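What follows is one structure encoded as structure tokens, with my remarks underneath.
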Amino acid sequence: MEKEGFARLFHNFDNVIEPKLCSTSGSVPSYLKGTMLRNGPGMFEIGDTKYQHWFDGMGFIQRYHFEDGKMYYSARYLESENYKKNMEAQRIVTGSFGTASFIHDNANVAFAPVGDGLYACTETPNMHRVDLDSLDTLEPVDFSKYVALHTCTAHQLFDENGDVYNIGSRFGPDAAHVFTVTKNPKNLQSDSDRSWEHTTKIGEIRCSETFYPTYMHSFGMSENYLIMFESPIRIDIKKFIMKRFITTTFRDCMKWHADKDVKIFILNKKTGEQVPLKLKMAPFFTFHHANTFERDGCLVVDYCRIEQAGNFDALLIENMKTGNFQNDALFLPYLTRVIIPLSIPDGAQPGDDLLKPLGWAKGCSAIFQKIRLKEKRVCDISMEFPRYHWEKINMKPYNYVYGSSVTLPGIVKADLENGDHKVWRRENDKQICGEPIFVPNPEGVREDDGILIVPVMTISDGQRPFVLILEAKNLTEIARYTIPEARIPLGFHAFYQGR
Ligand SMILES: [Fe+3]
């Protein structure tokens, strides 16, 4: 293992079974009491075989437990069927996003709450419940038992009732994006308070090109609508169905179709009917939607926009190892807003900007041609892993998005109202900020009355990783928990459970 560099983070991680008391500085308010689980890849080589892509590594879940003003750290591999088969063979024997083999249930991306249960997910129907304390891998769940689909996002969205929504893709001559709702099992007669049994298909929207469905990482949800982009990154289905004959991967069947505009698909959550508009915009890709809401007959969709991503060559392990392959400015994400009229007024003329009357929409336009949408950048400081104050303004007009940078910007708070953005600056270039999680003050009234939990990775053996606690109004540090391990993973998403 190197003393310095991103290569440090691609050596295999070891389990940390007994929760380790971390070193405290500062102090936290009484309402920081709960457990954050963080998902991501931890194992990048097995025996004589190595994974190719960042997204491939075996899921390695960390637990950051907050109690009595202290933090405790532990971490364990998800014991998926893939993990267990690979560990027994001592080689990479099951496929992954970007590596061919030498059931896809390596749920290394994020977590979905259903009732009182927490389910580790990847972009397949095959999930596992995980215990928030012991990090045991519990029962498997096959989401496709309830709705026929081949892939689905690991970014399920939920509402105040705890109902969980997702979009998946069903391949075939019929190819379609299927929109789903899973009713909270606590509010109905169910097998258990964590059962996925109340899952139905709301509706579906056919892919424009049956043999080139879009790749999709996330989507937006408002009070009445689910919205997705048909991105230029397309899965070559004919190539993919042959994968076991030509030794290829899912990622290698994806390409960015450079001559295609983006289409917007919108489904009414409650009617199940597609919004009957043809909506186009200039090409882009987004990993992560932020919040989504309705205002003045329009759907407002915020997201971190990437100009050009190919099929994610930039996130191959070899490319990230060097770190230097971060001078890819077309891959830098920016928080962006598009505003979509949900209807066209009688008498609209070609060239009319349907958003011109709406002063709050200035900077976006929606030109009647079909409607061509023009988005606007809402934060000039590049950011990714967006999060917001879900409890107060999910599906509602809102002011703030928190994200991570990827001089020395670390965490960014975008101000959608006035543009008074805030930044917590990293202390040196051996630090990397992870996804910030907003925890609300129970007695707060403003949208940013709360704190942020920020895991900070390091790429140097002279600096231990830590969890940073920021107050959310001005992003100043109020506490820091330094972890007695050499590394935490270059990970993906976290889930915080107050308790
Ligand atoms: Fe993600």
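In what follows, residues are counted from 1 in the order of the sequence shown.
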For the side-chain contact (heavy atoms from CB on, under 4.5 Å) test, which of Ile61, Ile17, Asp131 pairs with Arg76? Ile17

Regarding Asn394 and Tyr388, is there a side-chain donor-to-acceptor distance under 3.5 Å anywhere? yes

Name of the residue among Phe265, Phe284, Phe285 meeting ring-ring contact (aromatic ring centres under 6.0 Å, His included) with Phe229: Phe284

Return yes if some donor-acceptor pair links the side-chain N/O of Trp256 with the main-chain N/O of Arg234 below 3.5 Å, else return no. no

Given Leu226, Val164, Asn166, the one that forms side-chain contact (heavy atoms from CB on, under 4.5 Å) with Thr180: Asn166

Nearest 0.5 Å please: distance from the NE2 atom of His389 over to the CG atom of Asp448. 9.5 Å

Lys392 and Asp449: CA distance, side-chain angles, deciding distance, salt bridge (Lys or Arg N to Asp or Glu O under 4.0 Å) verdict: CA-CA 10 Å; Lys392 190 185 175 64; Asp449 279 350; over 6 Å; no

Atom NZ of residue position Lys376 - does it have more than 12 heavy atoms of other residues, nucleotides or ligands inside 6.0 Å? yes

Taken to the nearest 0.5 Å, the spacing of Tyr496 OH from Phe66 CZ works out to 7.0 Å

Are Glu435 and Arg387 within salt-bridge range, i.e. N to O under 4.0 Å? yes

Validate the cation-pi geometry between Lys413 and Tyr400: distance from NZ or CZ to the six-membered ring centre under 6.0 Å, angle to the ring axis within 45°. yes

Could you measure the distance from the CG atom of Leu408 to the CD atom of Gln431? Nearest 0.5 Å is fine. 8.5 Å

Determine whether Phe10 and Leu490 satisfy the following criterion, side chain to side chain contact (heavy atoms under 4.5 Å, CB included), listing intermediate values before the conclusion. CA-CA 8 Å; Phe10 292 111; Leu490 215 212; 4.2 Å; yes

Show the numbers, then the answer: is there a ring-ring contact (aromatic ring centres under 6.0 Å, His included) between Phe97 and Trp54? CA-CA 9 Å; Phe97 177 78; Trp54 187 22; over 10 Å; no

For a quick test of reading the model, state the closest non-hydrogen atom pair linking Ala154 to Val109 and the distance between them. CB-CG1, 3.8 Å

Has the side chain of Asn474 got a donor or acceptor atom that lies under 3.5 Å from a matching backbone atom of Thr476? no

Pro455 to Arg38 - nearest heavy-atom pair and separation: CG-NE, 3.7 Å

Electrostatic pair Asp133:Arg63 at N-O distance under 4.0 angstrom: yes

Can you confirm whether the side chains of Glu294 and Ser222 place a donor and an acceptor under 3.5 Å from each other? yes

Closer than 3.5 angstrom, by distance alone: can the side chain of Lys260 be matched with the main-chain N or O of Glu230 as a donor-acceptor pair? no

Nearest-0.5 Å distance, CG of residue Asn39 to CG of residue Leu118: 10.0 Å

Under the 6.0 Å and 45° cation-pi test, does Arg377 pair with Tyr334? yes

Is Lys33 salt-bridged to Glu67, going by a charged N under 4.0 Å from an acidic O? no

Whether the side chain of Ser218 engages the backbone of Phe287 through a donor-acceptor N/O pair (distance < 3.5 Å, no angle test) should be reported. yes

Hey, is the main chain of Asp302 close enough, under 3.5 Å, to the side chain of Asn291 for a donor-acceptor pair? no

Can you confirm whether more than 12 heavy atoms, excluding those of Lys255, are under 6.0 Å from its NZ atom? yes

Hey, are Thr94 and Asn86 close enough side-chain-wise for a donor-acceptor pair under 3.5 Å? yes

Does the ring center of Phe111 lie less than 6.0 Å from the ring center of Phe495? no

Cationic tip of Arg487 within the cone over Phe13's six-membered ring, i.e. under 6.0 Å and within 45° of the normal? yes

Walk me through it: do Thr286 and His217 pass the test side chain to side chain contact (heavy atoms under 4.5 Å, CB included)? CA-CA 8 Å; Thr286 180; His217 191 76; over 6 Å; no

Residues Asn106, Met58; criterion side chain to side chain contact (heavy atoms under 4.5 Å, CB included); working and verdict: CA-CA 6 Å; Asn106 176 30; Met58 302 258 80; 3.8 Å; yes

Do the side-chain N and O atoms of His177 and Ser169 include a donor-acceptor pair separated by under 3.5 angstrom? yes

Taking it one step at a time, do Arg129 and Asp136 satisfy salt bridge (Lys or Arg N to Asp or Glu O under 4.0 Å)? CA-CA 9 Å; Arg129 194 161 76 86; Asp136 286 345; over 6 Å; no

Quick check for you: to the nearest 0.5 Å, what is the distance between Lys422 atom NZ and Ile381 atom CD1? 10.5 Å

Judged by modelled atom types alone, do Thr35 and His65 share a side-chain donor-acceptor pair under 3.5 Å? yes

Do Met127 and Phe143 have side-chain heavy atoms sitting under 4.5 Å apart? yes

Under a plain distance cut-off of 3.5 Å, with no hydrogens placed, do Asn428 and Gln463 share a side-chain donor-acceptor pair? yes

Classify the side-chain pair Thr336/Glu375 by whether it contains a donor and acceptor separated by less than 3.5 Å. no

Does any non-hydrogen side-chain atom of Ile266 lie less than 4.5 Å from one of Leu299? yes

Side chains of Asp56 and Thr99 only: does a donor on one sit below 3.5 Å from an acceptor on the other? yes

Step by step, work out the side chain to side chain contact (heavy atoms under 4.5 Å, CB included) result for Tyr481 and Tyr64. CA-CA 10 Å; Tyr481 299 107; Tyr64 307 84; over 6 Å; no

Answer yes or no: is there a donor N or O on one side and an acceptor on the other, between the side chain of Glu471 and the main chain of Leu475, under 3.5 Å? yes

Can you confirm whether the side chains of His155 and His493 place a donor and an acceptor under 3.5 Å from each other? yes

Distance-only polar pair, side chains of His104 and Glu123, donor-acceptor under 3.5 Å: no

Side-chain (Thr214) to main-chain (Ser231) donor-acceptor, under 3.5 angstrom: yes

Supply the atom-to-atom distance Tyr215 OH to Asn311 CG, rounded to the nearest 0.5 angstrom. 11.0 Å

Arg425 and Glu427 ion-paired at < 4.0 Å: no

Looking only at heavy atoms, what is the nearest atom pair of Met254 and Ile233, with distance? CE-CG2, 3.4 Å

Is the side chain of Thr153 donor-acceptor paired with the backbone N or O of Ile167 at a distance under 3.5 Å, no angle test? no

What I want to check is whether the side chains of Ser80 and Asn82 have a donor and an acceptor closer together than 3.5 Å. no

Do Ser460 and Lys430 meet the criterion of a side-chain donor-acceptor pair at a distance under 3.5 Å? no

Backbone N or O of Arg194 within a donor-acceptor pair of the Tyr119 side chain at under 3.5 Å? yes

Donor-acceptor under 3.5 Å (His128 side chain, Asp105 main chain): yes

When you check the gap from the basic side-chain N to the acidic O, do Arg446 and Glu417 get nearer than 4.0 Å? no

Just by distance, with hydrogens left out, do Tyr77 and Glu79 show a side-chain donor and acceptor under 3.5 Å apart? no

